[PDB]
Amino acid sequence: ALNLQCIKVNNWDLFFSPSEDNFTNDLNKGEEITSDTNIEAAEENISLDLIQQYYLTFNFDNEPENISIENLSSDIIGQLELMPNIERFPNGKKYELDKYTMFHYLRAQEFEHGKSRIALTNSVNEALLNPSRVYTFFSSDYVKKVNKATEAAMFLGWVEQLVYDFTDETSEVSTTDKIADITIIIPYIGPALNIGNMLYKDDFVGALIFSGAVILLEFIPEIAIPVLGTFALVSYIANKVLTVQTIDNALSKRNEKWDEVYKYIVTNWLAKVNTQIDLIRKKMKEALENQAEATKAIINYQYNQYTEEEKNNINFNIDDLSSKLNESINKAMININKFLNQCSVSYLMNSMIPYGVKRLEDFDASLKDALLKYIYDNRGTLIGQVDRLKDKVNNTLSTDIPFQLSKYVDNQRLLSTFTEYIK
């Protein structure tokens, strides 16, 4: 690699990506159930309602008094809390890529809102080279019209059509049910951030339907669920009550186990996946704004080229133009956020949760044989009700416990995405 085209990417515009170390768990840890096994009650989620209950059981009156203390030395000697020393992060690190990145594509859509008023939209990343050429993922027809020198007599009409053209380009949306959990698809995202390195709405929609949401991720998160620890049971010969308590604890304990695995996966999904989708939706918003600015730049330049005819003949108001393009950006984002919400949840449900459920099913199978054997070996101690218990065990360990996102997440816009998903 002799020659290089390089761009400086601000540290804060880069991807998060937690270390696998931050995620620990003792799921593989075994356990022994006894008639005294402590059962963890259900941890009620935080909500305006819970906060309400806390507010009521709250004492506001009588604060501790300002009691008098004996004078200290006129100079109180103290030293602030240590505070760990963080090694300065390495800077300026260079990278040589075999592909244009999200950052290049995004950088390509920029220009200096300075004086240089001769910006020209175009469809190649060689707008990265020329500071007067801005890249656009919009159709080639759009570039032709926006770049075209326009007569003062046709300015307003020209603009009006660009506003509409702009909305048409950004309001673009595709539908399908060939992806599962993802019904809509915004095809221009592909050529906007070069997702998957293809830069063709066309290829994009295809890739997505083929392999799913994984296509968007900057890195495939890792998530494993070891073989779950199994339960050992203590029998209490001739002691029905204790024997029963053990069986109920083993059961209630299985529910906690499913909850534990579910919650763990949500923590991982939330930190490794959802974060990546969030940055992507932030970048889409950046791209859209870049486009609006470039177009406004070009349009305003045209207007300044006129001569006092701008007076009556035109009377242009760039603020109104900016306002309209902004509404289009918002409409666009509403779609994008919907699509990204689906991608995120889809990845959780199809590429992550499944791994835990299988581990949990293996576990249920084991616990079941165990408990039924237990009941049998103690049929003498439980004489009064083996069937009642057998039925209970069979009924409980035969059905997987439903994964309910609201049980772990509060973001209402993600919960509805889940509800919609359920159907």
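The first residue of the shown sequence is 1; numbering continues from there.
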(request) Would you determine, from the values in the PDB entry, which of 35-43 and 374-382 has the greater average C-alpha temperature factor? (result) 35-43
(request) Could you check the entry and say whether 188-196 or 143-151 has the higher mean CA B-factor? (result) 143-151
(message) Per the entry's Cα B factor values, which of 84, 78, 157, 92 stands out as the maximum?
(response) 84
(message) Just to confirm, going by the entry's C-alpha B-factors, which of 66, 57, 52, 62 comes out highest?
(response) 62
(request) Check where residue 389 lands among this chain's C-alpha B-factors and tell me if it's the lowest, middle or highest third. (result) highest
(message) Lowest, middle or highest third: which one holds residue 9 when the chain's residues are ordered by CA B-factor from the entry?
(response) lowest
(request) Sort the modelled residues of this chain by their C-alpha B factor and say whether residue 88 lands in the lowest, middle or highest third. (result) highest
(request) Grab the CA temperature factor for residue 337 from the record and place it in the lowest, middle or highest third of its chain. (result) lowest
(message) Which third, lowest, middle or highest, does the C-alpha temperature factor of residue 278 belong to within its own chain?
(response) lowest
